[PDB]
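I have placed the structure first, in the form of structure tokens, so that the comments after it can refer back to it.
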Amino acid sequence: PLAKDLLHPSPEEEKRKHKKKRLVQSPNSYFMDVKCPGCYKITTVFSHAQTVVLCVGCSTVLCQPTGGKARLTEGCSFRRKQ
Amino acid sequence: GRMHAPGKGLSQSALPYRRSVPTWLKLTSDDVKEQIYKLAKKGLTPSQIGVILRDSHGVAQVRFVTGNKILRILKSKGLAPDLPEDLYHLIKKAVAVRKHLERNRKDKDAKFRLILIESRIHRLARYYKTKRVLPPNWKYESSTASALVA
Amino acid sequence: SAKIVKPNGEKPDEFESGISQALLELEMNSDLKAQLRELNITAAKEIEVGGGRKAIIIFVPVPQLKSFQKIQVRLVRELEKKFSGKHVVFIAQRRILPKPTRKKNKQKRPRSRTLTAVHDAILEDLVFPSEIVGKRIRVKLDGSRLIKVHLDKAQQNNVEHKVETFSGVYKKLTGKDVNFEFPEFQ
Amino acid sequence: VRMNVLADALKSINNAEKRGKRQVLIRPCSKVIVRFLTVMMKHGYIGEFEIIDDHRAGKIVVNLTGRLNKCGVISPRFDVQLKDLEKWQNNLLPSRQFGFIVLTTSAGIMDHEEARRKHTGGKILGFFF
Amino acid sequence: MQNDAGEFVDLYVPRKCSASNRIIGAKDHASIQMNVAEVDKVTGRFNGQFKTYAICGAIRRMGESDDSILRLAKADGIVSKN
């Protein structure tokens with residue numbers, strides 16, 4: 002492998018490295034929109050959450066913080082945004 | 002390398018490239034400052050201001066919205082604390098070790114850890130006494146250290 | 005053609021006899037009321053790209069440059085409707101301060120207003136509707152360097168024809184050439 | 002803990018040219034090491050290199066040609082006068098036909114031959130041949 | 001090697017590897033010089049001429065001669081163009 006063009010990597014190889022060490026660094030986090038079942042309120046919760054997110058009106062618990070990436074409590078409506 | 006452990010851990014946050022606010026964040030500079038003025042009055046500290054408005058408010062980084070940092074806007078009209086947040090937690094953690102060490106005299110491991118935390122206090126105290134964050138006569142006394150922490 | 009929309013710090017107003025009039029006249033766009041009544045522009049240059057392809061630029065006072073971003077796409081369309089065969093860009097007047105040296112009491116130059124941070128901040132309002140997702144400045148084997156700017160392609164659907172007048176207006180204002188590229192999403 | 006950033010970059014170029022590689026990746030970029038590399042690109046040792054702009058310190062990808070023997074660094078930036086320069090040349094150059102001790106002057110980062118075409122003794126910054 | 005008289009004062013000009021651009025020595029007995037014979041366009045037979053590539057033994061022992069000889073056939077109009 003003497004001639005890897007290491008300015009233009011494929012995006013597949015770009016995805017399977019560290020979040021550092023990349024040609025331009027970019028985080029593996031994202032933001033996600035979550036409809037709690039029984040309300041109009043779309044929540045804009047961060048993916049690697051560390052807090053217990055509560056809903057405003059129907060104040061049930063939305064997600065649980067865990068090791069890397071937050072586990073949502075109920076099987077709920079859910080989409081990746083931006 | 003890690004300061005007082007022989008660790009080579011590479012795990013830290015990586016800001017993305019685009020400094021701009023995303024197109025879905027309809028949440029203005031006036032609104033995020035007054036939220037920070039609200040819930041920092043509910044006893045919270047600048048390392049945990051940004052974590053709850055990241056998780057439940059979508060604001061990715063306050064400097065990308067306001068053009069100012071979190072502890073910078075707390076000091077903007079005076080309601081920021083006296084000791085810095087990172088000096089506070091080393092002093093709070095060193096009191097917990099020292100109170101433990103009185104009842105546990107033959108705990109020779111905690112006697113080794115107690116000087117490693119207390120060295121990191123004084124190396125960081127000499128930084129703030131050059132940036133004039135602390136007064137020059139400020140000294141970490143272990144006797145009155147339990148009165149600095151609440 | 006009037007002293008309301010176009011002020012200066014100084015008296016000269018050449019080549020605004022139809023330019024400042026061009027945004028006095030227009031009616032019933034989205035945000036008509038909060039634009040024609042209090043905001044203003046500063047200056048305009050009519051430089052050349054390519055062949056006979058002119059490009060009028062608008063110099064803008066900086067604190068209301070932010071107020072031009074939320075109406076820019078509904079101002080490019082009207083200014084290109086009136087000035088046909090012509091492109092419209094919005095660049096702040098940013099006022100370089102010189103680098104101090106060995107040669111009264113000047114308090115220090117903020118790095119917001121330094122020559123490196125200006126010639127960078129000229130881009131991200133030049134390409135307004137597409138922000139910049141990378142920059143790959145590359146030296147051309149002879150001391151001449153070349154900037155490759157990666158735009159986002161999430162708003163590619165307006166910037167296809169303006170890319171060669173983007174490099175020409177960046178060469179006259181700054182002095183250094185670019186070229187723009189549209190890389191895939193990551 | 003990177004005490005010298007020119008020393009780390011130019012160590013990194015040297016290992017891959019003897020490894021046979023066509024490109025390197027230089028993790029911190031500087032304005033001393035982009036003016037360092039356009040002294041050997043101009044004399045014809047490396048080719049097209051790109052600066053990867055990030056908002057923290059950028060990266061550099063260099064296209065290696067193969068014409069490089071060694072691209073070291075003189076790690077204390079010693080001061081060298083134009084009286085004193087001739088005994089720097091015969092120590093760390095393989096010959097008087099080629100190779101350059103590149104040194105930073107008040108008039109810019111130059112060669113050794115550019116340093117005496119001008120009258121601009123300076124601080125020695127590195128060498129390459 | 002072009003003295004100031006302007007004369008060639010040299011026993012020979014040694015070859016250099018087409019991969020690593022370094023000089024094949026006088027007794028580098030692993031340096032190959034082999035030919036790759038191109039064909040004519042319309043019928044695909046050997047037309048008479050060929051193209052030479054020298055691969056030095058130091059880059060040959062390292063084990064990516066095949067990465068080498070394909071890469072310079074990729075650049076010199078032979079293998080695939082995709």
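Chains as they are written, first to last, in the entry's author numbering: chain Sb, 2 to 83; chain SN, 2 to 151; chain SH, 5 to 107, 111 to 193; chain SW, 2 to 130; chain SV, 1 to 82.
A virtual CB, placed ideally from N, CA and C, is assigned to each residue, including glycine.
Cutoff 9 Å: residue i Cβ touching any chain Sb Cβ
{"i": "residue 106 (chain SN)", "result": "no"}
{"i": "residue 76 (chain SH)", "result": "no"}
{"i": "residue 1 (chain SW)", "result": "This structure cannot settle anything about residue 1 (chain SW), because the visible part of chain SW is limited to 2 through 130."}
{"i": "residue 188 (chain SH)", "result": "no"}
{"i": "residue 87 (chain SH)", "result": "no"}
{"i": "residue 98 (chain SN)", "result": "no"}
{"i": "residue 19 (chain SV)", "result": "yes"}
{"i": "residue 143 (chain SH)", "result": "yes"}
{"i": "residue 11 (chain SN)", "result": "yes"}
{"i": "residue 2 (chain SW)", "result": "no"}
{"i": "residue 19 (chain SW)", "result": "no"}
{"i": "residue 61 (chain SN)", "result": "yes"}
{"i": "residue 62 (chain SW)", "result": "yes"}
{"i": "residue 58 (chain SN)", "result": "yes"}
{"i": "residue 131 (chain SH)", "result": "no"}
{"i": "residue 162 (chain SH)", "result": "no"}
{"i": "residue 191 (chain SH)", "result": "yes"}
Any chain SW beta carbon closer than 9 Å to residue i
{"i": "residue 5 (chain Sb)", "result": "yes"}
{"i": "residue 32 (chain SV)", "result": "no"}
{"i": "residue 8 (chain Sb)", "result": "yes"}
{"i": "residue 15 (chain SV)", "result": "no"}
{"i": "residue 24 (chain SV)", "result": "no"}
{"i": "residue 55 (chain SV)", "result": "no"}
{"i": "residue 146 (chain SH)", "result": "yes"}
Contact check, residue i vs residue j, beta carbons under 9 Å
{"i": "residue 100 (chain SW)", "j": "residue 21 (chain SV)", "result": "no"}
{"i": "residue 33 (chain SH)", "j": "residue 8 (chain SH)", "result": "no"}
{"i": "residue 92 (chain SH)", "j": "residue 79 (chain SH)", "result": "yes"}
{"i": "residue 78 (chain SV)", "j": "residue 19 (chain SV)", "result": "no"}
{"i": "residue 11 (chain SW)", "j": "residue 50 (chain SW)", "result": "no"}
{"i": "residue 114 (chain SN)", "j": "residue 91 (chain SN)", "result": "no"}
{"i": "residue 53 (chain SH)", "j": "residue 175 (chain SH)", "result": "yes"}
{"i": "residue 151 (chain SW)", "j": "residue 58 (chain SW)", "result": "Outside the displayed span of chain SW (2 to 130) sits residue 151 (chain SW), for which this structure offers no information."}
{"i": "residue 132 (chain SH)", "j": "residue 161 (chain SH)", "result": "no"}
{"i": "residue 140 (chain SH)", "j": "residue 157 (chain SH)", "result": "yes"}
{"i": "residue 47 (chain SW)", "j": "residue 33 (chain SW)", "result": "no"}
{"i": "residue 82 (chain SH)", "j": "residue 30 (chain SH)", "result": "yes"}
{"i": "residue 25 (chain SW)", "j": "residue 13 (chain SW)", "result": "yes"}
{"i": "residue 32 (chain Sb)", "j": "residue 83 (chain Sb)", "result": "yes"}
{"i": "residue 142 (chain SH)", "j": "residue 54 (chain SW)", "result": "yes"}
{"i": "residue 125 (chain SW)", "j": "residue 102 (chain SW)", "result": "yes"}
{"i": "residue 73 (chain SW)", "j": "residue 127 (chain SW)", "result": "yes"}
{"i": "residue 28 (chain Sb)", "j": "residue 193 (chain SH)", "result": "no"}
{"i": "residue 96 (chain SN)", "j": "residue 12 (chain SN)", "result": "no"}
{"i": "residue 60 (chain SW)", "j": "residue 24 (chain Sb)", "result": "yes"}
Below-9 Å beta-carbon distance, residue i vs any chain SN residue
{"i": "residue 140 (chain SH)", "result": "yes"}
{"i": "residue 82 (chain Sb)", "result": "yes"}
{"i": "residue 79 (chain Sb)", "result": "no"}
Residue i at chain SH interface by Cβ criterion, 9 Å
{"i": "residue 42 (chain SW)", "result": "yes"}
Cβ distance (whole Å) where residue i is taken to contact residue j below 8 Å
{"i": "residue 57 (chain SN)", "j": "residue 52 (chain Sb)", "result": "7 Å"}
{"i": "residue 88 (chain SN)", "j": "residue 41 (chain SN)", "result": "Contact doesn't hold; Cβ gap of about 18 Å is too wide."}
{"i": "residue 1 (chain SV)", "j": "residue 21 (chain SW)", "result": "The Cβ separation is near 26 Å, so there is no contact."}
{"i": "residue 66 (chain SN)", "j": "residue 98 (chain SN)", "result": "With 8 Å as the limit, residue 66 (chain SN) and residue 98 (chain SN) do not qualify as a contact, their Cβ atoms being about 39 Å apart."}
{"i": "residue 83 (chain SW)", "j": "residue 122 (chain SW)", "result": "4 Å"}
{"i": "residue 75 (chain SH)", "j": "residue 39 (chain SH)", "result": "6 Å"}
Cutoff 9 Å: residue i Cβ touching any chain SV Cβ
{"i": "residue 2 (chain Sb)", "result": "yes"}
Beta carbon proximity, residue i to chain A, threshold 9 Å
{"i": "residue 12 (chain SW)", "result": "Judged by its chain identifiers, the structure shown contains no chain A, and its protein chains are Sb, SN, SH, SW and SV."}
Inset, instruction - Would you list, in chain order, the members of the segment 14-32 of chain SN that have their beta-carbon closer than 8 Å to a beta-carbon of chain SH? - result: From the segment 14-32 of chain SN, only 18, 19 and 21 have a Cβ closer than 8 Å to chain SH.
Inset, instruction - Could you list the residues in the segment 64-78 of chain SW with a C-beta less than 8 Å from some C-beta on chain SV, going in chain order? - result: 66, 67 and 68
Inset, instruction - Could you name the residues of the segment 12-27 of chain Sb whose beta carbon sits closer than 7 Å to any beta carbon of chain SH, in the order they occur along the chain? - result: 12, 15, 25 and 27
Inset, instruction - Give the residues from the segment 25-58 of chain SW that approach chain Sb closer than 8 Å (Cβ to any Cβ), ordered along the chain. - result: 26, 51, 53 and 55
Inset, instruction - Select from the segment 61-79 of chain SV all residues with a C-beta closer than 8 Å to any C-beta belonging to chain Sb, and list them in chain order. - result: 64, 67, 68 and 71
Legend entry - Within 8 Å of chain SW by C-beta, residues of the segment 62-73 of chain Sb in sequence order: none
Inset, instruction - Please determine if the segment 26-42 of chain Sb and the segment 52-61 of chain Sb are in contact, where contact requires at least 3 C-beta pairs separated by less than 8 Å. - result: yes
Inset, instruction - Note down, in chain order, all residues in the segment 31-55 of chain SN with a beta-carbon under 7 Å from any beta-carbon belonging to chain Sb. - result: 52, 53 and 55
Legend entry - Contact the segment 35-49 of chain SN vs the segment 164-172 of chain SH: 3+ CB pairs below 8 Å: no
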